[PDB]
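Report on the structure given below.
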Amino acid sequence: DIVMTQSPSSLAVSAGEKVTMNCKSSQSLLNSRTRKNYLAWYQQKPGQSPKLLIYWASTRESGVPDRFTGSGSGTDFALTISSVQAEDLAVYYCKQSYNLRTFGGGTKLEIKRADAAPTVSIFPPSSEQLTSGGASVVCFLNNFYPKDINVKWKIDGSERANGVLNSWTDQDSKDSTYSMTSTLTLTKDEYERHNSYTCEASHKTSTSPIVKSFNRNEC
Amino acid sequence: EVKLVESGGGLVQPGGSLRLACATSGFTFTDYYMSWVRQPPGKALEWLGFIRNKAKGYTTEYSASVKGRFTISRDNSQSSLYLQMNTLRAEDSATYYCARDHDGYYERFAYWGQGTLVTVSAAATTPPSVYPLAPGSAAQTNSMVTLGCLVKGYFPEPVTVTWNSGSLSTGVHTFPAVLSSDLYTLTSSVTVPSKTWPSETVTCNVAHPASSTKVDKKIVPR
Ligand SMILES: C=CCO[C@]1(C(=O)O)C[C@@H](O)[C@@H](O)[C@@H]([C@H](O)CO[C@]2(C(=O)O)C[C@@H](O)[C@@H](O)[C@@H]([C@H](O)CO)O2)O1
Ligand SMILES: [Zn+2]
């Protein structure tokens, strides 16, 4: 019954800039006996376990960079990053331990950087997959920014939307780019009725779609 | 060094039970409260409970979301911590973490394990098909070349993908799995110097712990 809320839910900041994120509790976390606020901050980078950054509101855990500062008291707390680095991409959670423990819902910190065009690679179905009756054609759209991007598939010059699934990665911790995979899955029998397989990428960095394709006759 | 390692996660039927374990080393175990925290895929952390230290007679407390349904216990002879879950439902699908908690003074979870993923579902375990993604000859003319592995048709999560047993680590993108027809599919790409391939080998190593699957697939020129 202590409700923790964090603000904003997400935001994007460029390297070098300051970031402020906020944490509110439904009830004071100031313990009268010890005169400390029982409020910790944790950083969870993509695919990793949460790591402790700050506890008792303002105490920085050893080994945490100096650019992280906790502040606040009672029901209102903040985590401020003085100068953002690409590696700071993460979700940041506050947590009370005044009465049992309760996490806030997190603030997702994304990194803004300069626009970048994707590198596009296309791959035909493997002979292993084909022997078993299936045919997946895969296209990677790698290291681009910002996240929005559109892929079009053409089979013998005509567009196909059925059986196309897309998946974006989380932002990269080193270059702040996104990557996306587009997989078109057909049956072997349908795959074999056509020749030209084309993955087309449309991203704000060019009015020209990036086009990669292969021809079944060529292998 | 301090070490915490969860085990026991995997697929369990709705209404079933599952016990997780957390093995610790590298600190005086009985001095610490220990907590369990879970995280549904893509969602926020949720604190579930703790068991106190020796000084406070090892008693337990639970969040309201799980009180009466989950039990925490510890083995102080082996420095191990347990979470027994009963009557599992879909909302319980999550990565579960053990974390070192209060030592009677400090208010912080100073250490966390890597977490173990629990999936609550009636679907059957299905091992992945792993297919090589070899670059077209048209795509081998540049400084950098991109290879991949398609890991199709498995259930439950997770799978791991490394390249050359983990020695190729930069320039890798492993894409989040997509679920369809109650099977997951994901792919991974690695981009290397054209110098290195096909002259030196590139192999993706896929494991699917729920079916004890281990696969290496060597990417060969087509
Ligand atoms: C003031 C009475 C007791 O304080 C101590 C003690 O001196 O024995 C020391 C405090 O640090 C705390 O450990 C309390 C007591 O064990 C309760 O500690 C918890 C608890 O519920 O077990 C957990 C703590 O993290 C914190 O949430 C406290 C809460 O501040 C109430 O004291 O409760 O014992
Ligand atoms: Zn009690």
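In the structure tokens, each chain is lettered A, B, ... as it comes, each chain's residues begin at 1, and ligands are numbered from 1 in order of appearance.
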Kindly provide the residues of chain B that approach ligand 1 to within 10 Å, each paired with its closest atom pair and their distance in Å to one decimal, based on only C-alpha atoms and all ligand atoms, listed by chain and increasing number, as CSV.
residue,atom,partner,partner_atom_place_in_ligand_line,distance
B:33,CA,ligand 1,22 (O),8.3
B:50,CA,ligand 1,22 (O),8.9
B:51,CA,ligand 1,22 (O),8.7
B:52,CA,ligand 1,22 (O),6.5
B:53,CA,ligand 1,22 (O),8.8
B:55,CA,ligand 1,8 (O),8.3
B:56,CA,ligand 1,16 (O),6.3
B:57,CA,ligand 1,16 (O),9.9
B:58,CA,ligand 1,22 (O),9.8
B:59,CA,ligand 1,22 (O),8.6
B:60,CA,ligand 1,22 (O),8.8
B:61,CA,ligand 1,21 (O),8.1
B:101,CA,ligand 1,25 (O),7.8
B:102,CA,ligand 1,25 (O),5.4
B:103,CA,ligand 1,13 (O),7.3
B:104,CA,ligand 1,13 (O),4.0
B:105,CA,ligand 1,11 (O),4.7
B:106,CA,ligand 1,11 (O),7.3
B:107,CA,ligand 1,25 (O),5.7
B:108,CA,ligand 1,25 (O),8.3
Counting only C-alpha atoms, chain A residues within 8 Å of chain B, as a PyMOL selection string = chain A and resi 38+40+48-52+55-56+93+97+100-106+121-126+128-129+140+165+167-169+179-181+214
Convert the current residue selection to file output with C-alpha atoms, as a compact mmCIF listing (two decimals), in the first residue's frame.
# COMPACT_ATOMS: atom_id res chain seq x y z
CA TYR A 38 14.33 4.66 2.05
CA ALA A 40 16.76 3.40 -4.09
CA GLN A 48 20.62 -7.33 -18.28
CA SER A 49 19.66 -7.64 -14.57
CA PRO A 50 18.85 -4.48 -12.62
CA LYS A 51 21.93 -2.87 -11.10
CA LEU A 52 21.93 -0.63 -8.00
CA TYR A 55 20.25 4.25 -2.19
CA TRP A 56 18.94 6.23 0.81
CA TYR A 93 13.37 2.10 -11.55
CA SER A 97 11.87 -0.04 1.29
CA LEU A 100 8.33 -4.03 2.60
CA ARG A 101 9.47 -2.95 -0.94
CA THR A 102 7.69 -1.55 -3.99
CA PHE A 103 9.12 -0.57 -7.41
CA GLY A 104 7.89 2.33 -9.52
CA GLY A 105 6.86 1.53 -13.09
CA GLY A 106 10.17 2.72 -14.59
CA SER A 121 21.09 -7.61 -46.40
CA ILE A 122 18.81 -10.28 -47.93
CA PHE A 123 19.05 -14.08 -47.56
CA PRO A 124 17.38 -16.90 -49.43
CA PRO A 125 15.83 -19.98 -47.76
CA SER A 126 18.49 -22.56 -46.81
CA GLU A 128 17.86 -27.58 -45.15
CA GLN A 129 14.65 -25.61 -44.73
CA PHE A 140 18.16 -7.43 -42.05
CA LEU A 165 6.83 -10.56 -39.70
CA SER A 167 11.16 -7.46 -35.28
CA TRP A 168 13.20 -4.40 -33.98
CA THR A 169 16.02 -4.71 -31.57
CA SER A 179 18.20 -2.74 -36.35
CA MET A 180 15.13 -4.64 -37.62
CA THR A 181 14.62 -8.09 -39.20
CA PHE A 214 18.14 -12.24 -55.28
DSSP on the backbone: what in stretch 83-208 of chain A comes out helix (DSSP H, G or I), as a ChimeraX atom specification?
-> /A:86-88,127-131,188-191
A:46, A:143, A:33, A:24: which is nearest residue B:41, counting only C-alpha atoms?
-> A:46
Quick one: pull the distance between atom CA of residue A:194 and atom CA of residue A:158, Å, one decimal.
-> 10.6 Å
Quick one: residues within 8 Å of residue A:196, only C-alpha atoms, excluding same-chain residues fewer than 2 positions away - as an mmCIF file with C-alpha atoms, in the first residue's frame?
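So selection.cif came out as:
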data_model
loop_
_atom_site.group_PDB
_atom_site.id
_atom_site.type_symbol
_atom_site.label_atom_id
_atom_site.label_comp_id
_atom_site.auth_asym_id
_atom_site.auth_seq_id
_atom_site.Cartn_x
_atom_site.Cartn_y
_atom_site.Cartn_z
ATOM 1 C CA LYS A 154 8.248 -7.892 -53.889
ATOM 2 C CA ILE A 155 7.986 -11.325 -55.535
ATOM 3 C CA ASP A 156 8.538 -11.116 -59.318
ATOM 4 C CA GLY A 157 8.094 -7.357 -59.067
ATOM 5 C CA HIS A 194 8.662 -17.335 -58.662
ATOM 6 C CA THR A 198 13.170 -8.243 -53.194
ATOM 7 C CA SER A 213 17.082 -8.825 -54.008
ATOM 8 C CA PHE A 214 18.141 -12.239 -55.282
ATOM 9 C CA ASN A 215 16.959 -14.440 -58.115
ATOM 10 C CA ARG A 216 16.111 -18.111 -57.471
#
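Closest approach to residue B:121 among B:1, B:157, B:31, B:216 is made by B:157 (distances from only C-alpha atoms).
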Could you give me, as a ChimeraX atom specification, the residues within 9 Å of residue A:81, counting only C-alpha atoms and dropping anything in the same chain fewer than 4 positions from it?
-> /A:17-21,66-69,88
Apply DSSP to the backbone of this structure and, from stretch 25-83 of chain A, keep only the residues in strand (DSSP E or B); write these as a PyMOL selection string.
-> chain A and resi 25+30-31+36-37+39-44+51-55+59-60+68-73+76-81
Leaving out residue A:174 and any residue of its chain fewer than 3 positions from it, which residues lie within 9 Å of it when counting only C-alpha atoms, given as a PyMOL selection string?
-> chain A and resi 86-87+171+177
Atom CA of residue B:29 and atom CA of residue B:2, how far apart in Å?
-> 10.4 Å
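Here atom CA of residue B:155 is placed at a distance of 23.4 Å from atom CA of residue B:84.
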Quick one: residues within 7 Å of stretch 182-193 of chain A, only C-alpha atoms counted, chain neighbours fewer than 6 positions away excluded, as an MDAnalysis selection string?
-> chainID A and resid 130 133:140 163:167
Test item: residues at most 10 Å from residue A:9, only C-alpha atoms, excluding those fewer than 3 positions along its chain, as a VMD selection string = chain A and resid 5 to 6 21 to 22 91 to 92 105 to 109
Which is closest to residue B:75 among B:140, B:30, B:128, B:211, if we use only C-alpha atoms?
-> B:30
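Restricting the calculation to only C-alpha atoms, the smallest distance between residue A:37 and any of A:75, A:80, A:14, A:7 is found for A:75.
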